[PDB]
$ cat structure13.txt   # compact mmCIF, C-alpha atoms
# COMPACT_ATOMS: atom_id res chain seq x y z
CA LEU A 642 122.90 -1.38 -74.85
CA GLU A 643 126.33 0.05 -75.62
CA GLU A 644 126.86 3.03 -73.32
CA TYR A 645 125.26 0.76 -70.71
CA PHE A 646 127.84 -2.01 -71.11
CA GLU A 647 130.79 0.29 -70.39
CA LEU A 648 129.49 1.04 -66.90
CA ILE A 649 129.11 -2.70 -66.29
CA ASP A 650 132.69 -3.24 -67.45
CA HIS A 651 133.97 -0.45 -65.19
CA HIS A 652 132.14 -2.03 -62.25
CA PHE A 653 133.60 -5.44 -63.02
CA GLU A 654 137.13 -4.08 -63.46
CA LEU A 655 136.83 -2.53 -60.01
CA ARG A 656 135.58 -5.86 -58.63
CA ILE A 657 138.51 -7.78 -60.14
CA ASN A 658 140.96 -5.18 -58.83
CA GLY A 659 139.44 -5.59 -55.38
CA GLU A 660 139.81 -9.37 -55.47
CA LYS A 661 143.46 -8.99 -56.51
CA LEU A 662 144.13 -6.49 -53.73
CA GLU A 663 142.54 -8.86 -51.21
CA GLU A 664 144.51 -11.91 -52.33
CA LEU A 665 147.66 -9.78 -52.01
CA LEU A 666 146.67 -8.62 -48.53
CA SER A 667 146.30 -12.29 -47.62
CA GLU A 668 149.95 -12.98 -48.46
CA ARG A 669 151.13 -9.86 -46.66
CA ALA A 670 149.20 -10.88 -43.54
CA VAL A 671 150.66 -14.40 -43.68
CA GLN A 672 154.18 -12.96 -43.89
CA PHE A 673 153.49 -10.67 -40.94
CA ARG A 674 152.14 -13.57 -38.88
CA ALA A 675 155.17 -15.75 -39.66
CA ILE A 676 157.68 -13.06 -38.72
CA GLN A 677 155.64 -12.29 -35.59
CA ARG A 678 155.75 -15.94 -34.52
CA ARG A 679 159.51 -15.97 -35.07
CA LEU A 680 159.86 -12.88 -32.89
CA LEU A 681 157.63 -14.38 -30.19
CA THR A 682 159.84 -17.48 -30.18
CA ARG A 683 162.90 -15.26 -29.77
CA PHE A 684 161.09 -13.50 -26.91
CA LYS A 685 160.11 -16.61 -24.94
CA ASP A 686 163.70 -17.86 -25.15
CA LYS A 687 165.95 -17.05 -22.20
CA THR A 688 169.28 -16.81 -23.98
CA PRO A 689 170.20 -13.52 -25.70
CA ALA A 690 170.60 -13.50 -29.46
CA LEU B 2 187.23 -46.92 -50.31
CA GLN B 3 183.75 -46.21 -51.69
CA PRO B 4 180.85 -44.61 -49.78
CA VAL B 5 178.58 -47.55 -48.98
CA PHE B 6 175.64 -45.15 -48.90
CA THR B 7 174.95 -41.50 -49.72
CA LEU B 8 172.03 -39.14 -49.22
CA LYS B 9 171.21 -35.42 -49.27
CA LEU B 10 169.36 -33.81 -46.36
CA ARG B 11 167.93 -30.37 -47.08
CA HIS B 12 168.71 -29.02 -43.59
CA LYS B 13 171.88 -27.23 -42.52
CA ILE B 14 173.51 -29.32 -39.79
CA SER B 15 175.12 -27.47 -36.92
CA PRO B 16 178.75 -28.63 -36.79
CA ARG B 17 179.38 -30.23 -33.40
CA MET B 18 175.75 -31.33 -32.86
CA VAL B 19 175.35 -34.79 -34.41
CA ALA B 20 174.50 -38.18 -32.92
CA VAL B 21 173.44 -41.68 -33.97
CA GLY B 22 170.97 -43.46 -31.73
CA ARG B 23 168.62 -46.44 -31.92
CA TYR B 24 165.61 -44.38 -30.93
CA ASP B 25 163.24 -47.23 -31.82
CA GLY B 26 165.28 -49.55 -29.58
CA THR B 27 166.65 -51.57 -32.52
CA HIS B 28 166.42 -49.07 -35.41
CA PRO B 29 169.34 -46.62 -35.54
CA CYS B 30 168.59 -43.06 -36.63
CA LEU B 31 170.40 -39.73 -36.95
CA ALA B 32 169.79 -36.72 -34.71
CA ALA B 33 171.26 -33.40 -35.77
CA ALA B 34 170.70 -29.75 -34.88
CA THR B 35 169.59 -27.21 -37.47
CA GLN B 36 168.97 -23.50 -37.90
CA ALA B 37 166.07 -21.86 -36.01
CA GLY B 38 166.67 -24.16 -33.02
CA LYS B 39 165.13 -27.35 -34.42
CA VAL B 40 166.58 -30.85 -34.16
CA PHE B 41 165.91 -33.20 -37.05
CA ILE B 42 165.76 -37.00 -36.99
CA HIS B 43 166.54 -39.12 -40.05
CA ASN B 44 165.00 -42.56 -39.56
CA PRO B 45 166.80 -44.91 -41.98
CA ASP B 65 162.00 -39.40 -43.79
CA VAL B 66 163.16 -36.43 -41.72
CA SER B 67 161.13 -35.53 -38.62
CA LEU B 68 161.53 -32.16 -36.91
CA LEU B 69 161.59 -31.48 -33.17
CA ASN B 70 160.91 -27.89 -32.09
CA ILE B 71 163.48 -27.10 -29.44
CA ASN B 72 162.48 -23.48 -30.22
CA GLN B 73 165.84 -22.49 -28.75
CA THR B 74 169.43 -22.30 -29.98
CA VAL B 75 170.94 -25.74 -29.38
CA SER B 76 174.55 -26.01 -28.20
CA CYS B 77 175.04 -29.74 -27.48
CA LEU B 78 173.55 -32.99 -28.72
CA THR B 79 174.29 -36.66 -28.05
CA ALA B 80 172.47 -39.98 -27.70
CA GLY B 81 173.05 -42.97 -25.48
CA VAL B 82 171.66 -45.40 -22.94
CA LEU B 83 170.55 -43.46 -19.86
CA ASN B 84 168.52 -46.18 -18.12
CA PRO B 85 169.90 -49.66 -18.91
CA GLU B 86 166.58 -51.27 -17.90
CA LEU B 87 165.32 -50.66 -21.45
CA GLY B 88 167.21 -50.89 -24.73
CA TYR B 89 166.44 -47.47 -26.20
CA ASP B 90 168.80 -44.59 -26.92
CA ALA B 91 167.89 -41.30 -25.25
CA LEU B 92 168.28 -38.18 -27.38
CA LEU B 93 169.97 -35.46 -25.34
CA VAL B 94 169.72 -31.79 -26.28
CA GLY B 95 171.67 -29.11 -24.43
CA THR B 96 171.07 -25.38 -24.51
CA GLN B 97 172.95 -22.50 -22.89
CA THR B 98 170.30 -22.55 -20.15
CA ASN B 99 168.57 -25.97 -20.38
CA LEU B 100 169.14 -29.70 -20.82
CA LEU B 101 166.58 -32.16 -22.15
CA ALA B 102 166.53 -35.94 -22.41
CA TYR B 103 164.01 -37.25 -24.91
CA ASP B 104 162.59 -40.71 -25.59
CA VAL B 105 161.73 -40.17 -29.25
CA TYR B 106 159.88 -43.49 -29.58
CA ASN B 107 157.34 -42.78 -26.83
CA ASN B 108 157.68 -39.01 -26.90
CA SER B 109 158.16 -38.26 -23.22
CA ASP B 110 160.74 -36.20 -21.39
CA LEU B 111 163.10 -38.35 -19.35
CA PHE B 112 164.19 -35.16 -17.59
CA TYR B 113 164.06 -31.47 -18.51
CA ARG B 114 166.57 -29.84 -16.18
CA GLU B 115 167.42 -26.14 -16.09
CA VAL B 116 171.15 -25.68 -15.63
CA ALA B 117 171.68 -21.88 -15.55
CA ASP B 118 175.37 -22.65 -16.09
CA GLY B 119 174.97 -23.59 -19.75
CA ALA B 120 175.53 -26.61 -21.97
CA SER B 121 178.76 -26.11 -23.90
CA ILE C 573 198.76 11.04 -63.84
CA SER C 574 199.11 12.29 -60.26
CA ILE C 575 201.05 9.15 -59.29
CA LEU C 576 203.17 9.48 -62.44
CA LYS C 577 203.94 13.12 -61.66
CA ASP C 578 204.99 12.33 -58.09
CA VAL C 579 207.11 9.29 -58.91
CA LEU C 580 208.83 10.90 -61.90
CA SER C 581 209.62 13.99 -59.83
CA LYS C 582 211.09 11.65 -57.21
CA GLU C 583 213.24 9.93 -59.84
CA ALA C 584 214.39 13.32 -61.15
CA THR C 585 215.35 14.52 -57.67
CA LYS C 586 217.24 11.23 -57.28
CA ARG C 587 219.20 11.59 -60.53
CA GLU C 596 196.14 19.56 -68.22
CA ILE C 597 192.67 18.44 -67.17
CA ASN C 598 189.47 17.62 -69.04
CA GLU C 599 186.78 19.03 -66.76
CA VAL C 600 184.57 15.98 -67.46
CA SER C 601 187.08 13.21 -66.72
CA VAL C 602 186.09 13.09 -63.04
CA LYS C 603 182.49 12.59 -64.16
CA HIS C 604 183.57 9.68 -66.35
CA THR C 605 185.57 8.01 -63.58
CA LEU C 606 182.70 8.42 -61.12
CA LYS C 607 180.27 6.91 -63.64
CA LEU C 608 182.74 4.03 -63.98
CA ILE C 609 182.91 3.54 -60.21
CA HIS C 610 179.16 3.82 -59.52
CA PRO C 611 178.16 0.26 -60.59
CA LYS C 612 180.80 -1.30 -58.33
CA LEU C 613 179.72 0.60 -55.22
CA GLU C 614 176.07 -0.09 -56.06
CA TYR C 615 176.83 -3.81 -56.30
CA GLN C 616 178.75 -3.81 -53.01
CA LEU C 617 175.94 -2.02 -51.17
CA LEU C 618 173.30 -4.36 -52.60
CA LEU C 619 175.54 -7.27 -51.55
CA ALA C 620 175.57 -5.98 -47.97
CA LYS C 621 171.83 -5.26 -47.94
CA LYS C 622 170.94 -8.76 -49.12
CA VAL C 623 173.37 -10.63 -46.88
CA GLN C 624 171.98 -8.70 -43.90
CA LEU C 625 168.62 -10.44 -44.38
CA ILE C 626 169.81 -13.80 -45.78
CA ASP C 627 169.95 -15.54 -42.39
CA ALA C 628 166.77 -13.94 -41.05
CA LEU C 629 164.92 -15.22 -44.11
CA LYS C 630 166.57 -18.63 -43.75
CA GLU C 631 165.12 -18.87 -40.24
CA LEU C 632 161.67 -18.45 -41.80
CA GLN C 633 162.50 -20.90 -44.61
CA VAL C 634 162.84 -23.92 -42.30
CA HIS C 635 159.14 -23.70 -41.36
CA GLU C 636 155.95 -24.16 -43.45
CA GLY C 637 157.98 -25.15 -46.52
CA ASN C 638 157.61 -21.74 -48.25
CA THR C 639 154.50 -22.49 -50.28
CA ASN C 640 152.44 -19.28 -50.20
CA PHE C 641 153.82 -16.56 -47.91
CA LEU C 642 157.35 -15.37 -48.73
CA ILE C 643 157.46 -12.19 -50.81
CA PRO C 644 158.91 -12.72 -54.31
CA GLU C 645 161.49 -10.02 -53.52
CA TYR C 646 163.17 -12.04 -50.77
CA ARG C 647 162.35 -15.22 -52.69
CA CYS C 648 164.90 -13.99 -55.24
CA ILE C 649 167.43 -14.03 -52.39
CA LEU C 650 166.48 -17.41 -50.89
CA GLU C 651 167.93 -19.21 -53.91
CA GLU C 652 171.16 -17.24 -54.45
CA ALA C 653 171.81 -16.99 -50.69
CA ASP C 654 174.91 -19.17 -51.15
CA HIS C 655 176.59 -16.98 -53.76
CA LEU C 656 175.59 -13.84 -51.85
CA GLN C 657 177.12 -15.20 -48.65
CA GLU C 658 180.35 -16.31 -50.32
CA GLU C 659 180.78 -12.92 -52.02
CA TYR C 660 180.10 -11.08 -48.76
CA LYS C 661 183.31 -12.66 -47.43
CA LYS C 662 185.34 -10.74 -50.02
CA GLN C 663 183.13 -7.61 -50.09
CA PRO C 664 184.82 -5.56 -47.29
CA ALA C 665 188.20 -5.53 -49.05
CA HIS C 666 186.56 -4.28 -52.25
CA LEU C 667 184.61 -1.64 -50.33
CA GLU C 668 187.73 -0.37 -48.55
CA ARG C 669 189.64 -0.32 -51.84
CA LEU C 670 186.85 1.64 -53.53
CA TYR C 671 186.70 4.16 -50.68
CA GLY C 672 190.47 4.63 -50.84
CA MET C 673 190.41 5.06 -54.61
CA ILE C 674 187.61 7.63 -54.39
CA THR C 675 189.37 9.63 -51.68
CA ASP C 676 192.64 9.59 -53.65
CA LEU C 677 190.76 10.72 -56.78
CA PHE C 678 189.16 13.58 -54.84
CA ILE C 679 192.40 14.67 -53.14
CA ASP C 680 194.39 14.56 -56.39
CA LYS C 681 191.82 16.33 -58.56
CA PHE C 682 191.84 19.11 -55.98
CA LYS C 683 195.64 18.96 -55.74
CA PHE C 684 196.15 19.73 -59.43
CA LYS C 685 194.49 23.13 -59.04
CA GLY C 686 197.05 23.92 -56.33
CA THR C 687 194.88 23.28 -53.26
CA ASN C 688 195.29 21.09 -50.17
CA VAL C 689 192.02 19.40 -49.22
CA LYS C 690 193.37 16.67 -46.94
CA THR C 691 190.89 17.92 -44.31
CA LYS C 692 187.52 17.41 -46.05
CA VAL C 693 188.02 13.62 -46.09
CA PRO C 694 185.65 12.71 -43.19
CA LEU C 695 182.73 14.47 -44.87
CA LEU C 696 183.45 12.39 -47.98
CA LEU C 697 183.54 9.25 -45.82
CA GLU C 698 180.12 10.11 -44.39
CA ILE C 699 178.78 10.84 -47.88
CA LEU C 700 179.97 7.41 -49.02
CA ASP C 701 178.31 5.83 -45.99
CA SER C 702 175.21 7.48 -47.44
CA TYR C 703 176.31 7.31 -51.12
CA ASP C 704 173.96 9.68 -52.88
CA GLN C 705 175.71 9.56 -56.26
CA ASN C 706 174.28 12.93 -57.30
CA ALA C 707 175.17 14.42 -53.92
CA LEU C 708 178.56 12.74 -54.38
CA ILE C 709 179.23 14.48 -57.70
CA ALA C 710 177.89 17.70 -56.17
CA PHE C 711 180.39 17.45 -53.31
CA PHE C 712 183.08 16.71 -55.91
CA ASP C 713 182.38 19.80 -58.00
CA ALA C 714 181.65 22.18 -55.10
CA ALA C 715 184.17 21.28 -52.37
$ encode --input "structure13.txt" --output "structure tokens"
Amino acid sequence: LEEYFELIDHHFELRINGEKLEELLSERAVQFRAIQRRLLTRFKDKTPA
Amino acid sequence: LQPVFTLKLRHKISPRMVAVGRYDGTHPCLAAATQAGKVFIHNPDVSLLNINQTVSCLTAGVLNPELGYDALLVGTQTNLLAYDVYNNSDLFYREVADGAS
Amino acid sequence: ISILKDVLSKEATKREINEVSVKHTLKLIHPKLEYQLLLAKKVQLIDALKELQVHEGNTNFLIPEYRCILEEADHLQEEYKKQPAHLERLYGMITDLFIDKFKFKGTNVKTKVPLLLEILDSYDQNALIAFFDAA
């Protein structure tokens, strides 16, 4: 019950790290989508810029 | 004198692109260009219109005297758009190819 | 001291080095050039980020890095107006320092200037001091 809890805690630390990495990937993907939409708007436009 | 009213609008106004027009027919409002090619409308809340294109002219007047509404005009270096903001419907979207300076 | 030597010799015609001083002057200069380059790098992206600012109200997406620039955009932009004069003055001061500190030893290094200009376009401070001590 004590060398068994440390493995549980390692597992849960990895889980929490994964959730953090995923919520960061969400923000990065949102940024990429926003900049991509801006670029698409610049593409559809006729006038140079 | 003294400014009879003041207000702060969070959007950068492009210099020569400003107009006042009674877009509700009897309710005057402000139309002004902004960065990113969007034209904002201040009613007395700010409402955005996605021109999605770098504006170069903007005015507002009576284009068909049959009705009493001001038509919001928006010129671009390759387009020209009249807009009935009240009933959102293009009066005419002409393509100039000579520009709107 | 180089300017003093030249001007006093001119007046006369009318009528020692610490080997670490260059290091001290370059360490003095480094923060100013760093600030000018960061100024340029931020003002390059100010307007591009402002185009993104006008949409979706900036609630969840903008990186904190550029979010630090979205606020101080105004001060950055108004200092960028004066930046180029400071950058040119710093480049001139550095090239005069280099030319003079090689002139005291009796050399004429008026030719290696363009390499120094390129180095400053890069501005590797350690490579800068290396180019100072070597050639």
$ interface_residues --input "structure13.txt" --of "chain B" --to "chain A" --cutoff "8 Å" --atoms "only C-alpha atoms" --output "PyMOL selection string"
chain B and resi 72-73+97-98
$ interface_residues --input "structure13.txt" --of "chain C" --to "chain B" --cutoff "9 Å" --atoms "all atoms listed in the file" --output "ChimeraX atom specification"
/C:630-632,634-635
$ interface_residues --input "structure13.txt" --of "chain A" --to "chain C" --cutoff "12 Å" --atoms "only C-alpha atoms" --output "number ranges by chain"
A: 664-680, 682-683
$ residues_around --input "structure13.txt" --residues "region 691-694 of chain C" --least-positions-apart "2" --cutoff "12 Å" --atoms "all atoms listed in the file" --output "list in words"
residues 671, 672, 674, 675, 676, 677, 678, 679, 682, 687, 688, 689, 696, 697, 698, 699, 700, 701, 711, 712, 714 and 715 of chain C
$ atom_distance --input "structure13.txt" --atom1 "CA of residue 656 (chain C)" --atom2 "CA of residue 616 (chain C)"
10.6 Å
$ axis_aligned_box --input "structure13.txt" --around "region 660-679 of chain C" --padding-each-side "5 Å" --output "JSON"
{"center_x": 186.4, "center_y": 1.0, "center_z": -52.0, "size_x": 22.5, "size_y": 37.3, "size_z": 19.5}
$ residues_around --input "structure13.txt" --residues "residue 646 (chain C)" --least-positions-apart "4" --cutoff "10 Å" --atoms "all atoms listed in the file" --output "PyMOL selection string"
chain C and resi 622+625-626+629+642+650-651+653
$ residues_around --input "structure13.txt" --residues "region 659-669 of chain C" --least-positions-apart "6" --cutoff "9 Å" --atoms "all atoms listed in the file" --output "mmCIF file with C-alpha atoms, in the coordinates of the input"
data_model
loop_
_atom_site.group_PDB
_atom_site.id
_atom_site.type_symbol
_atom_site.label_atom_id
_atom_site.label_comp_id
_atom_site.auth_asym_id
_atom_site.auth_seq_id
_atom_site.Cartn_x
_atom_site.Cartn_y
_atom_site.Cartn_z
ATOM 1 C CA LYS C 612 180.800 -1.300 -58.330
ATOM 2 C CA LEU C 613 179.720 0.600 -55.220
ATOM 3 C CA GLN C 616 178.750 -3.810 -53.010
ATOM 4 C CA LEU C 617 175.940 -2.020 -51.170
ATOM 5 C CA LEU C 619 175.540 -7.270 -51.550
ATOM 6 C CA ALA C 620 175.570 -5.980 -47.970
ATOM 7 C CA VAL C 623 173.370 -10.630 -46.880
#
$ closest_residue --input "structure13.txt" --among "B:19, B:31, B:102, B:83" --to "residue 67 (chain B)" --atoms "all atoms listed in the file"
B:31
$ atom_distance --input "structure13.txt" --atom1 "CA of residue 659 (chain A)" --atom2 "CA of residue 638 (chain C)"
25.3 Å
$ closest_residue --input "structure13.txt" --among "C:655, C:647, C:690, C:610" --to "residue 704 (chain C)" --atoms "only C-alpha atoms"
C:610
$ atom_distance --input "structure13.txt" --atom1 "CA of residue 18 (chain B)" --atom2 "CA of residue 78 (chain B)"
5.0 Å
$ residues_near_point --input "structure13.txt" --point "(175.1, 13.1, -59.7)" --cutoff "12 Å" --atoms "all atoms listed in the file" --output "tab-separated table (two decimals) with C-alpha atoms, in the coordinates of the input"
chain	number	residue	atom	x	y	z
C	602	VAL	CA	186.09	13.09	-63.04
C	603	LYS	CA	182.49	12.59	-64.16
C	604	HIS	CA	183.57	9.68	-66.35
C	606	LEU	CA	182.70	8.42	-61.12
C	607	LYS	CA	180.27	6.91	-63.64
C	610	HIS	CA	179.16	3.82	-59.52
C	703	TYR	CA	176.31	7.31	-51.12
C	704	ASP	CA	173.96	9.68	-52.88
C	705	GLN	CA	175.71	9.56	-56.26
C	706	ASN	CA	174.28	12.93	-57.30
C	707	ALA	CA	175.17	14.42	-53.92
C	708	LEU	CA	178.56	12.74	-54.38
C	709	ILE	CA	179.23	14.48	-57.70
C	710	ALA	CA	177.89	17.70	-56.17
C	711	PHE	CA	180.39	17.45	-53.31
C	712	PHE	CA	183.08	16.71	-55.91
C	713	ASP	CA	182.38	19.80	-58.00
$ closest_residue --input "structure13.txt" --among "B:71, B:3, B:26, B:77" --to "residue 107 (chain B)" --atoms "only C-alpha atoms"
B:26
$ residues_near_point --input "structure13.txt" --point "(166.1, -45.1, -40.7)" --cutoff "6 Å" --atoms "all atoms listed in the file" --output "list in words"
residues 30, 44 and 45 of chain B
$ write_last_selection --input "structure13.txt" --atoms "C-alpha atoms" --output "PDB file, in the frame of the given file"
ATOM      1  CA  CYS B  30     168.590 -43.060 -36.630  1.00  0.00           C
ATOM      2  CA  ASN B  44     165.000 -42.560 -39.560  1.00  0.00           C
ATOM      3  CA  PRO B  45     166.800 -44.910 -41.980  1.00  0.00           C
TER       4      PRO B  45
END
$ decode --input "structure13.txt" --residues "region 649-666 of chain C" --atoms "N, CA, C and O atoms" --output "mmCIF file, in the first residue's frame"
data_model
loop_
_atom_site.group_PDB
_atom_site.id
_atom_site.type_symbol
_atom_site.label_atom_id
_atom_site.label_comp_id
_atom_site.auth_asym_id
_atom_site.auth_seq_id
_atom_site.Cartn_x
_atom_site.Cartn_y
_atom_site.Cartn_z
ATOM 1 N N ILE C 649 2.601 42.271 -26.625
ATOM 2 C CA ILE C 649 2.810 43.347 -27.586
ATOM 3 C C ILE C 649 1.502 44.052 -27.931
ATOM 4 O O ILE C 649 1.513 45.241 -28.267
ATOM 5 N N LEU C 650 0.373 43.344 -27.863
ATOM 6 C CA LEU C 650 -0.901 43.967 -28.218
ATOM 7 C C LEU C 650 -1.226 45.174 -27.344
ATOM 8 O O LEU C 650 -1.875 46.118 -27.813
ATOM 9 N N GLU C 651 -0.790 45.176 -26.083
ATOM 10 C CA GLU C 651 -1.063 46.332 -25.235
ATOM 11 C C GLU C 651 -0.126 47.490 -25.558
ATOM 12 O O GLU C 651 -0.579 48.603 -25.844
ATOM 13 N N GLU C 652 1.182 47.242 -25.524
ATOM 14 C CA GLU C 652 2.183 48.288 -25.688
ATOM 15 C C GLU C 652 2.477 48.598 -27.156
ATOM 16 O O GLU C 652 3.499 49.232 -27.455
ATOM 17 N N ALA C 653 1.610 48.128 -28.063
ATOM 18 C CA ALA C 653 1.731 48.453 -29.482
ATOM 19 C C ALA C 653 1.930 49.943 -29.724
ATOM 20 O O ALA C 653 2.718 50.333 -30.593
ATOM 21 N N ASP C 654 1.228 50.793 -28.972
ATOM 22 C CA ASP C 654 1.317 52.231 -29.208
ATOM 23 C C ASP C 654 2.722 52.752 -28.931
ATOM 24 O O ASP C 654 3.313 53.450 -29.766
ATOM 25 N N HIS C 655 3.269 52.432 -27.756
ATOM 26 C CA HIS C 655 4.608 52.897 -27.416
ATOM 27 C C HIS C 655 5.651 52.296 -28.345
ATOM 28 O O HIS C 655 6.595 52.982 -28.762
ATOM 29 N N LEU C 656 5.493 51.018 -28.700
ATOM 30 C CA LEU C 656 6.401 50.396 -29.659
ATOM 31 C C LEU C 656 6.388 51.139 -30.989
ATOM 32 O O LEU C 656 7.445 51.436 -31.564
ATOM 33 N N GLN C 657 5.195 51.467 -31.485
ATOM 34 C CA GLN C 657 5.083 52.126 -32.780
ATOM 35 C C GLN C 657 5.643 53.539 -32.733
ATOM 36 O O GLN C 657 6.263 53.995 -33.697
ATOM 37 N N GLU C 658 5.445 54.249 -31.619
ATOM 38 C CA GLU C 658 5.953 55.616 -31.555
ATOM 39 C C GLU C 658 7.450 55.669 -31.288
ATOM 40 O O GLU C 658 8.079 56.694 -31.571
ATOM 41 N N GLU C 659 8.038 54.597 -30.748
ATOM 42 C CA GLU C 659 9.493 54.545 -30.639
ATOM 43 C C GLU C 659 10.143 54.055 -31.926
ATOM 44 O O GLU C 659 11.301 54.396 -32.202
ATOM 45 N N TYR C 660 9.423 53.262 -32.721
ATOM 46 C CA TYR C 660 9.961 52.834 -34.007
ATOM 47 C C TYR C 660 10.196 54.014 -34.936
ATOM 48 O O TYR C 660 11.040 53.934 -35.837
ATOM 49 N N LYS C 661 9.460 55.111 -34.745
ATOM 50 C CA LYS C 661 9.661 56.287 -35.583
ATOM 51 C C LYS C 661 11.046 56.878 -35.374
ATOM 52 O O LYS C 661 11.673 57.367 -36.322
ATOM 53 N N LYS C 662 11.546 56.842 -34.140
ATOM 54 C CA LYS C 662 12.861 57.380 -33.828
ATOM 55 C C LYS C 662 13.964 56.336 -33.899
ATOM 56 O O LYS C 662 15.144 56.708 -33.930
ATOM 57 N N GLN C 663 13.613 55.048 -33.909
ATOM 58 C CA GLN C 663 14.620 53.982 -33.945
ATOM 59 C C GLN C 663 15.687 54.151 -35.021
ATOM 60 O O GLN C 663 16.879 54.094 -34.677
ATOM 61 N N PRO C 664 15.360 54.345 -36.306
ATOM 62 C CA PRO C 664 16.412 54.288 -37.339
ATOM 63 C C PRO C 664 17.555 55.262 -37.115
ATOM 64 O O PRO C 664 18.708 54.923 -37.416
ATOM 65 N N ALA C 665 17.277 56.454 -36.589
ATOM 66 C CA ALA C 665 18.356 57.386 -36.282
ATOM 67 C C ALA C 665 19.286 56.811 -35.221
ATOM 68 O O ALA C 665 20.514 56.892 -35.350
ATOM 69 N N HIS C 666 18.718 56.215 -34.169
ATOM 70 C CA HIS C 666 19.538 55.612 -33.126
ATOM 71 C C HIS C 666 20.351 54.444 -33.667
ATOM 72 O O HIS C 666 21.520 54.270 -33.303
#
